[PDB]
Structures are given as structure tokens and as C-alpha cells.
Amino acid sequence: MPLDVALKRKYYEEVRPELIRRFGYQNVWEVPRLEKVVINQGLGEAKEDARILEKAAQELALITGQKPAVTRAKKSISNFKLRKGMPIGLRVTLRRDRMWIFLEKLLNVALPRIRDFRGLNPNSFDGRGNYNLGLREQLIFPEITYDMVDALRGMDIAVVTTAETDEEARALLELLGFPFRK
Amino acid sequence: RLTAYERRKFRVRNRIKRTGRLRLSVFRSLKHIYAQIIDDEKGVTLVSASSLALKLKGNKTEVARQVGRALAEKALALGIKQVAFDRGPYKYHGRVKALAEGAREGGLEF
Amino acid sequence: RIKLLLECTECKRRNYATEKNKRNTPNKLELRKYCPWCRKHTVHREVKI
Amino acid sequence: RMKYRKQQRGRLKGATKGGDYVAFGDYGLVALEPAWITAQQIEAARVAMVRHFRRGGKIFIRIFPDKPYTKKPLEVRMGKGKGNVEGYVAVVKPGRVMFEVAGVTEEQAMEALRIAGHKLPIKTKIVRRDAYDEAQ
RNA sequence: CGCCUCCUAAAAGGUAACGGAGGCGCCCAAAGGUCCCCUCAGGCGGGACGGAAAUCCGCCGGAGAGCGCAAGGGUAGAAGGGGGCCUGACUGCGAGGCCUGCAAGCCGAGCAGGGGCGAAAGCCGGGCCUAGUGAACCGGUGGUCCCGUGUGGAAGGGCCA
RNA sequence: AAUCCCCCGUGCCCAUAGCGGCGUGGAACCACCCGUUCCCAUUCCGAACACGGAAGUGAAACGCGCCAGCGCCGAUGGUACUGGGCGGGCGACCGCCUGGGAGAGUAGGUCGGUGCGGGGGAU
């Protein structure tokens, strides 16, 4: 555990200067590093309120620190254009290091893990070189067992990077955490 | 744009309406910091706080409290006798709480 | 008569001040505050139906 | 006519001058001493032209079915909310740039207009492109 | 057939019409105080349960989203979005003005007692404002403790709320 | 002490103080920066705010200068309008005399000018 902690620490610390000058030649800047990572998941309407809301709890929890209560369908998805406020903001905006043992554990230690979990995804982030890819099925047992039949699945996170333009960002998490195929 | 700039222009305009005659403009950060006194944009500006006469960049929000109390008396007499308040890029607990107490003695005079 | 009914404040037997008010949401709950001419200001209380 | 999906019920009345002039193809019909002109009458001309022109190569446009004219009642005595919507049309008054093409190549177009408007409803004149026009 | 808003009042203001249009005769116990923070819709690009439209990431933007309620004014230099603590949505009152012939209705610095939001420079005598309104009589109730038809009291009654 | 100059602030002027394009500075500014027990802080993270300091860099916020593409400014003329007096027409309406006389429309215009405190920049 703190094992893979020291791990990401190194992966990146070195890889960084590595490609850093390999191609950069700017001034070893965020050319192209990664900072803070928010994570978001399958909106409250995915609710049952008490039940799967508390499950969202368990999960958000053991995953990175924060676990769901009972309120996930207000101003309701209702019928099509039928919705009011937005009291279903269930996400983790944790900011740094924790995040890195995470890049670790998460990408590099749980990446392929369950049903054909391959990863042959085109322009992963591409929306400015900052993230993109959230997976559509939990890291199954990134911990816990049957603590809810359907429990959870709509999973998707995002990193705040500086890997500016893509090709660059690409160098970045490509060698840093694995670039899923063509 | 309008965002952070406003953080600014807001403490601004409110501060401004405020009117008990003068305001000192503290300024957060290390060597950055320094506070100058002003009144009505008559055009004038009383005295200048602390020329970077470093006393302890250390764990010294006290580098602060000091430069402050300093400016406190500095103006205190610098400009004979008066009463008002000031700006602040933030709440009064750190750097700024500091310039505060500085001023604080500035007026307290004991 | 609607969820809008009129009450008024009176204070610890030492005065009564007035003002209308409502019925809706927290209904009865009626302490409040106010100050009578009793003493110089004073709690008052409010309630009084 | 066409003054579809309006927005209000009625206008009012006045008249005096405006801003029609240019060219837009070189087959032009310009009003001169009018006011409002029935969206219909209008279509009239439209027809006249369209038909004359060996019945095909398109003409263009000009004014619009603009306002809602009301004779209100039907013939009553007067005091209705002045309500009633009824005849819709153009509001062109100082010799206006009325623009109609086709590819007549000639006094043929001429005729087309000739009747169209001779018809329509006023003292008016016609021509082509006479002093270009420069915009930004 | 009372009131608010817009047009026509034609540029001060201000005016009919069986002239155009269109709302209100609620409340909001906390949209009432103040201190501290924040800051739109929508466009685009990238994304779990999506999947025209949530939720999150990445840019873009005289602010056209917003403010119970209609319009209009305003206006995110927020009146707007969030947190803390609290009653002044105080009594005594006001100088001096808006409009108005009547009565109306309406604007208010500042002095007093008295508190509440900051440490304070100060804001708070309801709300973001322009409609939610009704003389006079009559009578009720909570006072008060002024009057009483010889005097003591009292039916009853004067001013307050 | 009291000259201009570099500025860090902090003031009047509402877009020629804008967008954006090329450049460029840290010596000293100042920014990001380091880390967090301690002030005090994020309904998640000191992200911001904050505390706690050598460094490293000047990427990022950042200040001038060149660039007018968008945007902003937007005259001279010129017409419409019309204050007032008179005509011409049954007419809707036209026209004449005497002062005021925007708009848009080529000009061409700009990539701020400056109030004050001051580290200080040049015996």
C-alpha cells in the first residue's frame, strides 16, 4: 500500500525529467505534469435514497475518503424536461498526493481488472490534455465484496493537468500510467 | 477576469463607501507585504509603512505584527492626530490580522 | 383565515407590543423577542394569541 | 401575402417617406406616391410578373405584408374595441425600391411591371441600376 | 366600474377614448439583521448509471441567465448564489422635501432610550424596489388606572394598543 | 531630503486603458514557488483562503514596446428632422423664407494619459 505510494512517487518523479528534456527544452516545467484530481460518479437519480445512496457512501469512502447519505432524486429527472435545483452533487475533489498514490493504485494497479478490461480507447483526454476516461464499471473489489448487488458502476474521474496540448499530455500519462491502444 | 479582479474591486468599492476618513492599504505575502496610508483621493497619501527592513522571515507572522505596530506609531505621529481604518486582501488572522494589531498599537499608544 | 392568521406579541406580563404575522410553515412555534416599554427594552417574549 | 406569426394585433396610421432605393438585379419597380398596399394586390403583381415571364425564371421581392388593417365591425355602428383583424399589407410611401428579377432581358420585363403596378395602386416609376452603392 | 406595470403623455411633468396590452385584493416565520465567502445562462471540446437536457473535467462570455408573484425600472462596481451569528418587521421621534386643492399616500439625515452583525471605519426603526388596500360611525378585547353626574365604590365610562 | 528613471502599490478618466499576435524581466521587484506542527481554511484537498520559509524559476498571474485582424473611436463635409413665419394645392400632401441641424455613410483614429504613498533606479 504505502508501497505503491513510494511507487507513483518515483514513476513520475523520474519519468518527468526523463521525457521532460527528452523533448521539452523549455525549463523542466509542467511540460507536462499532472495536478489534483476530482472524481465524479453516476448521479443521485441513480438513487433508491437510503439504500444505493448509502452504497455510494461505502464506495466514495474506501475509494478515496468521502461516503454518501440519503437524497438522490430532487427536482427529479422526472419526465424529460422536468427538473429543478440540483441536490445531487456527489464527487471527490481531493487535491494532491493522496491523488498520486491514486494515479498509482487506480491506473497502474487496477486498470485491467474485470470483464475484458482491456483498454483500446482513442484520444483519451484530448480535451486539452487534462484527463478523460472514467470506466463504466467499478474496480470491482478495489476493496469490498457484496455490499450491494448492483451497488455501483457509473464511475468516472478527471485530473487537473498542465500537460497542455495533447501529443504532450500523451507523453505524460502515456508512459506515466499507460496509454490504452490506438 | 471580472472574477478574481472583482475579489479585488469588491473589497474595493465596499471599503470605499465606508467613510471615517482614512484607510491604510496592507498587502499580504512576504517581501511583497507593506502598507501605505490614504484618505479621500484628495490626491495625498500620509506615510509609508515598512521599507523591507527585514527582521525575521521566519515563522514570523510576527515579521508582520512588528512591521505593523511599527507603521502603527509611524503614522501615529507621522501625521499628527486622526482616526479611521483600512483595506486588507483578507480576514484578520494571519498576515493581515497582523497589520491589524500593528495598526492596533499604532492607535492604542501604550 | 388562510394559512395567514394574525397574532401579536405581549411580554412577561409587563407589557404587549403587537404586529400580525401568519400561520403557514412552523405554525405555532411562537417565542420570538421584541422589547416592550417595560424597563429599558427587555426580552418581551412575543407569543400572545 | 405573408406577415405570418406576427406578434401583435394592430398598428396605427400616418405616412411620409422612408428608405428604399438600391437595385438588386436590374429589373426594378419603384413606387413613388403611395402608402400601404394590399399584401394581396401585391401578390397580384407577383403573379402578373411570374406569368408573363415565360412562367419560370424567378423574380425577387421588395416590401412585405407588414401591417393589419381593420374595418372592424362588418358595417355596424362604431365603438368596437376597434378589434378585428382583416387586411394585411405593405407600408411603402416615398418612391420605394421594389425589386423584381427573372431574366426577361427587355421591355418584356417592362410590360411585366407595366401591368403589375399600372395595376397595383399608385403613381409610380420603374428602371434599373443607376448609381451603384458602396457598403462596408 | 380599486390598485401596479407598458404604449398613446407628442420627448418636463402630465391628459381622455366602449383606445391597446396585462397582472393583484398572496405573503416570505424566516427571501426580516449584519459579518465572512462565492459569482450567470448559454457556446464549444472531453467524459460513469449518460446518453436532445443531469454529474464532472477542460476552455469561451456589455452579464442576454437572476431577484415568490405581471410589466417596467434597475441592476452580478450582484439587490444575485452559500455559511455564521441575530432581532430595530424597535418605542419616543423627526428637520426637511416627493406629488395633492380636500384627505390621502410617499422620501428621510439626524437627537434619545435599546439593543445586534464586526474588533472595529459603520449597516439595522422588514424585505431589491413601483400593486397584497378601505374614512366615519358602531361595537370587542389586552390596558390604563383619567372621569364618575352629593361621597365612598360602580354600572358605566375618557386616551393607549 | 526634495532632479528625471526603474518600478510595488493605489488613485481620476468607462472600452484608442480590449481582444488577440511577436518580444521581452527578476539583480533588485514580485509571482508562482517549498512545506505545514503553528493562525487559520476548503460542506473534497491550505485548491482559495492560510499558516509555516533557504531554495528553483520566471512557465504561469505579470509590466513596457512593436503589431490595428476583430473589435472601440467613429470629422469635414451631406441628407433626413425641425424650432418660427409664408406660400403652392379640394387631396392624402407638396413646396418657399429664417436660426438649430444626429444617424449611418469613405476619413481616419488606438493598441491608454495620468492623480499620490512610496523600494527605491542615476555623486
# chains A, B, ... in the order shown; residues from 1 in each chain; ligands from 1
call {"tool": "residues_around", "arguments": {"residues": "region 19-23 of chain E", "least_positions_apart": "6", "cutoff": "9 Å", "atoms": "only C-alpha atoms (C1' of nucleotides)", "output": "list in words"}}
result
residues 9, 10, 81 and 82 of chain D; 4, 5, 6, 7, 8, 70, 71 and 131 of chain E
call {"tool": "residues_around", "arguments": {"residues": "residue 96 (chain B)", "least_positions_apart": "6", "cutoff": "7 Å", "atoms": "only C-alpha atoms (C1' of nucleotides)", "output": "ChimeraX atom specification"}}
result
/B:28,88,90
call {"tool": "closest_atom_pairs", "arguments": {"of": "chain C", "to": "chain E", "cutoff": "7 Å", "atoms": "only C-alpha atoms (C1' of nucleotides)", "output": "tab-separated table"}}
result
residue	atom	partner	partner_atom	distance
C:26	CA	E:29	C1'	6.7
C:33	CA	E:87	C1'	7.0
C:37	CA	E:91	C1'	6.7
C:40	CA	E:114	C1'	6.4
C:41	CA	E:114	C1'	5.3
call {"tool": "select_by_dssp", "arguments": {"residues": "region 33-115 of chain D", "states": "strand (DSSP E or B)", "output": "list in words"}}
result
residues 35, 36, 37, 38, 61, 67, 68, 69, 87, 88, 89, 90, 91, 92, 97, 98 and 99 of chain D
call {"tool": "write_last_selection", "arguments": {"atoms": "C-alpha atoms", "output": "compact mmCIF listing (two decimals), in the first residue's frame"}}
result
# COMPACT_ATOMS: atom_id res chain seq x y z
CA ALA D 35 -48.68 54.30 -48.65
CA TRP D 36 -49.80 50.76 -47.63
CA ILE D 37 -50.58 48.34 -50.45
CA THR D 38 -52.53 45.16 -50.09
CA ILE D 61 -39.26 40.80 -53.76
CA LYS D 67 -49.43 45.60 -41.08
CA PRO D 68 -53.05 44.51 -40.07
CA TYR D 69 -55.82 46.80 -41.39
CA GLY D 87 -56.46 43.04 -44.49
CA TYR D 88 -52.60 42.73 -44.28
CA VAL D 89 -50.08 44.68 -46.31
CA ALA D 90 -47.19 46.96 -47.24
CA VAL D 91 -46.26 50.36 -45.94
CA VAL D 92 -44.07 51.96 -48.59
CA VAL D 97 -37.12 50.22 -54.06
CA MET D 98 -39.43 47.45 -55.21
CA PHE D 99 -37.11 44.73 -56.72
call {"tool": "residues_around", "arguments": {"residues": "residue 13 (chain F)", "least_positions_apart": "5", "cutoff": "12 Å", "atoms": "only C-alpha atoms (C1' of nucleotides)", "output": "PyMOL selection string"}}
result
chain F and resi 112-115
call {"tool": "residues_around", "arguments": {"residues": "residue 17 (chain B)", "least_positions_apart": "3", "cutoff": "12 Å", "atoms": "only C-alpha atoms (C1' of nucleotides)", "output": "list in words"}}
result
residues 10, 11, 12, 13, 14, 20, 21, 22, 23, 40, 86 and 87 of chain B; 77, 121, 122 and 123 of chain E
call {"tool": "residues_around", "arguments": {"residues": "residue 45 (chain C)", "least_positions_apart": "2", "cutoff": "10 Å", "atoms": "only C-alpha atoms (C1' of nucleotides)", "output": "list in words"}}
result
residues 9, 10, 11, 12, 13, 16, 17, 30, 31, 32, 33, 34, 35, 36, 42, 43, 47 and 48 of chain C
call {"tool": "write_last_selection", "arguments": {"atoms": "C-alpha atoms", "output": "PDB file, in the first residue's frame"}}
result
ATOM      1  CA  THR C   9     -46.563  39.908  20.891  1.00  0.00           C
ATOM      2  CA  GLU C  10     -47.019  40.508  24.645  1.00  0.00           C
ATOM      3  CA  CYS C  11     -44.093  40.325  27.126  1.00  0.00           C
ATOM      4  CA  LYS C  12     -43.624  38.683  30.556  1.00  0.00           C
ATOM      5  CA  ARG C  13     -46.828  40.315  31.984  1.00  0.00           C
ATOM      6  CA  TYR C  16     -47.621  43.841  24.988  1.00  0.00           C
ATOM      7  CA  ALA C  17     -46.407  45.117  21.604  1.00  0.00           C
ATOM      8  CA  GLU C  30     -44.062  31.470  18.748  1.00  0.00           C
ATOM      9  CA  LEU C  31     -41.441  32.746  21.262  1.00  0.00           C
ATOM     10  CA  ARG C  32     -39.562  35.418  19.179  1.00  0.00           C
ATOM     11  CA  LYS C  33     -38.072  38.519  21.059  1.00  0.00           C
ATOM     12  CA  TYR C  34     -39.100  42.248  20.543  1.00  0.00           C
ATOM     13  CA  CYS C  35     -38.682  44.615  23.596  1.00  0.00           C
ATOM     14  CA  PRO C  36     -41.587  46.295  25.468  1.00  0.00           C
ATOM     15  CA  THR C  42     -36.361  43.938  27.946  1.00  0.00           C
ATOM     16  CA  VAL C  43     -36.996  40.487  26.332  1.00  0.00           C
ATOM     17  CA  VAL C  47     -46.341  34.715  21.665  1.00  0.00           C
ATOM     18  CA  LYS C  48     -49.797  36.087  22.791  1.00  0.00           C
TER      19      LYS C  48
END
call {"tool": "closest_atom_pairs", "arguments": {"of": "chain E", "to": "chain B", "cutoff": "12 Å", "atoms": "only C-alpha atoms (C1' of nucleotides)", "output": "CSV"}}
result
residue,atom,partner,partner_atom,distance
E:35,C1',B:91,CA,11.1
E:36,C1',B:91,CA,8.3
E:37,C1',B:7,CA,10.4
E:38,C1',B:7,CA,9.7
E:39,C1',B:3,CA,7.2
E:61,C1',B:1,CA,10.8
E:63,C1',B:2,CA,10.3
E:76,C1',B:2,CA,10.3
E:77,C1',B:13,CA,6.3
E:78,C1',B:10,CA,10.7
E:118,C1',B:92,CA,11.1
E:119,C1',B:92,CA,9.6
E:120,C1',B:85,CA,8.2
E:121,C1',B:85,CA,5.0
E:122,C1',B:18,CA,7.3
E:123,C1',B:18,CA,10.4
call {"tool": "interface_residues", "arguments": {"of": "chain B", "to": "chain F", "cutoff": "8 Å", "atoms": "only C-alpha atoms (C1' of nucleotides)", "output": "PyMOL selection string"}}
result
chain B and resi 32+36-38+41+43-48+51-52+57-59+90+93-94
call {"tool": "interface_residues", "arguments": {"of": "chain E", "to": "chain A", "cutoff": "10 Å", "atoms": "only C-alpha atoms (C1' of nucleotides)", "output": "ChimeraX atom specification"}}
result
/E:45-50,52-59
call {"tool": "atom_distance", "arguments": {"atom1": "CA of residue 16 (chain A)", "atom2": "CA of residue 175 (chain A)"}}
result
9.8 Å
call {"tool": "residues_around", "arguments": {"residues": "residue 65 (chain F)", "least_positions_apart": "5", "cutoff": "12 Å", "atoms": "only C-alpha atoms (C1' of nucleotides)", "output": "VMD selection string"}}
result
chain F and resid 22 to 24 111
call {"tool": "write_last_selection", "arguments": {"atoms": "C-alpha atoms (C1' of nucleotides)", "output": "PDB file, in the first residue's frame"}}
result
ATOM      1  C1'   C F  22       5.798  38.958 -31.607  1.00  0.00           C
ATOM      2  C1'   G F  23       9.028  40.130 -27.988  1.00  0.00           C
ATOM      3  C1'   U F  24      10.848  40.615 -23.929  1.00  0.00           C
ATOM      4  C1'   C F 111      -3.160  49.367 -29.402  1.00  0.00           C
TER       5        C F 111
END
call {"tool": "residues_around", "arguments": {"residues": "region 49-64 of chain A", "least_positions_apart": "5", "cutoff": "9 Å", "atoms": "only C-alpha atoms (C1' of nucleotides)", "output": "VMD selection string"}}
result
chain A and resid 41 44 69 to 73 90 to 92 94 98 to 99 102 142 to 144 147 to 148 150 to 152
call {"tool": "write_last_selection", "arguments": {"atoms": "C-alpha atoms", "output": "compact mmCIF listing (two decimals), in the first residue's frame"}}
result
# COMPACT_ATOMS: atom_id res chain seq x y z
CA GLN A 41 -19.88 9.22 -10.41
CA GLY A 44 -28.08 10.61 -7.41
CA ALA A 69 -26.07 9.73 2.66
CA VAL A 70 -29.79 9.66 1.71
CA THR A 71 -31.02 12.18 -1.01
CA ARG A 72 -30.67 11.31 -4.70
CA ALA A 73 -33.59 12.46 -6.75
CA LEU A 90 -21.67 13.51 -5.23
CA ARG A 91 -17.92 13.81 -6.07
CA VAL A 92 -14.37 13.94 -4.51
CA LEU A 94 -9.30 15.69 -3.26
CA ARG A 98 -3.47 11.15 -1.95
CA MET A 99 -4.32 11.69 -5.62
CA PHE A 102 -4.13 7.06 -6.54
CA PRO A 142 -10.83 -2.09 -5.23
CA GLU A 143 -11.93 -3.30 -1.82
CA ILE A 144 -15.40 -4.55 -0.74
CA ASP A 147 -22.21 -4.82 -0.16
CA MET A 148 -24.92 -4.20 -2.74
CA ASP A 150 -25.87 -3.69 -8.45
CA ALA A 151 -24.18 -1.38 -5.99
CA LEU A 152 -22.29 0.90 -8.33
call {"tool": "interface_residues", "arguments": {"of": "chain D", "to": "chain F", "cutoff": "10 Å", "atoms": "only C-alpha atoms (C1' of nucleotides)", "output": "list in words"}}
result
residues 14, 15, 16, 17, 18, 33, 34, 35, 134, 135 and 136 of chain D
call {"tool": "write_last_selection", "arguments": {"atoms": "N, CA, C and O atoms", "output": "mmCIF file, in the first residue's frame"}}
result
data_model
loop_
_atom_site.group_PDB
_atom_site.id
_atom_site.type_symbol
_atom_site.label_atom_id
_atom_site.label_comp_id
_atom_site.auth_asym_id
_atom_site.auth_seq_id
_atom_site.Cartn_x
_atom_site.Cartn_y
_atom_site.Cartn_z
ATOM 1 N N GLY D 14 -50.325 56.907 -40.496
ATOM 2 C CA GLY D 14 -49.574 58.156 -40.693
ATOM 3 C C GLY D 14 -49.038 58.433 -42.102
ATOM 4 O O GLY D 14 -49.673 59.133 -42.890
ATOM 5 N N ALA D 15 -47.842 57.918 -42.398
ATOM 6 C CA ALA D 15 -47.193 58.062 -43.718
ATOM 7 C C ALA D 15 -46.353 59.347 -44.011
ATOM 8 O O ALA D 15 -46.626 60.411 -43.432
ATOM 9 N N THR D 16 -45.322 59.224 -44.879
ATOM 10 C CA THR D 16 -44.486 60.362 -45.337
ATOM 11 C C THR D 16 -43.153 60.210 -46.109
ATOM 12 O O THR D 16 -42.814 61.099 -46.887
ATOM 13 N N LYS D 17 -42.407 59.122 -45.886
ATOM 14 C CA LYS D 17 -41.114 58.831 -46.570
ATOM 15 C C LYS D 17 -40.338 57.682 -45.855
ATOM 16 O O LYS D 17 -40.715 57.320 -44.740
ATOM 17 N N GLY D 18 -39.286 57.105 -46.471
ATOM 18 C CA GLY D 18 -38.537 56.020 -45.821
ATOM 19 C C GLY D 18 -37.104 55.602 -46.181
ATOM 20 O O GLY D 18 -36.147 56.267 -45.814
ATOM 21 N N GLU D 33 -45.701 57.537 -55.099
ATOM 22 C CA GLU D 33 -46.717 58.246 -54.264
ATOM 23 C C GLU D 33 -47.679 57.366 -53.484
ATOM 24 O O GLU D 33 -48.871 57.657 -53.395
ATOM 25 N N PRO D 34 -47.174 56.309 -52.870
ATOM 26 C CA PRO D 34 -48.185 55.531 -52.177
ATOM 27 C C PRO D 34 -48.534 55.704 -50.712
ATOM 28 O O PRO D 34 -48.849 56.797 -50.218
ATOM 29 N N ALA D 35 -48.314 54.577 -50.034
ATOM 30 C CA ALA D 35 -48.678 54.298 -48.652
ATOM 31 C C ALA D 35 -48.697 52.740 -48.431
ATOM 32 O O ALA D 35 -47.733 52.052 -48.740
ATOM 33 N N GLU D 134 -21.883 51.593 -52.397
ATOM 34 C CA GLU D 134 -20.754 51.083 -51.629
ATOM 35 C C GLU D 134 -21.088 50.967 -50.147
ATOM 36 O O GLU D 134 -21.503 51.947 -49.536
ATOM 37 N N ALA D 135 -20.905 49.767 -49.582
ATOM 38 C CA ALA D 135 -21.122 49.482 -48.148
ATOM 39 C C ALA D 135 -19.766 49.160 -47.494
ATOM 40 O O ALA D 135 -18.723 49.267 -48.142
ATOM 41 N N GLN D 136 -19.765 48.784 -46.218
ATOM 42 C CA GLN D 136 -18.515 48.396 -45.556
ATOM 43 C C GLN D 136 -18.155 46.951 -45.902
ATOM 44 O O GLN D 136 -18.919 46.341 -46.683
#
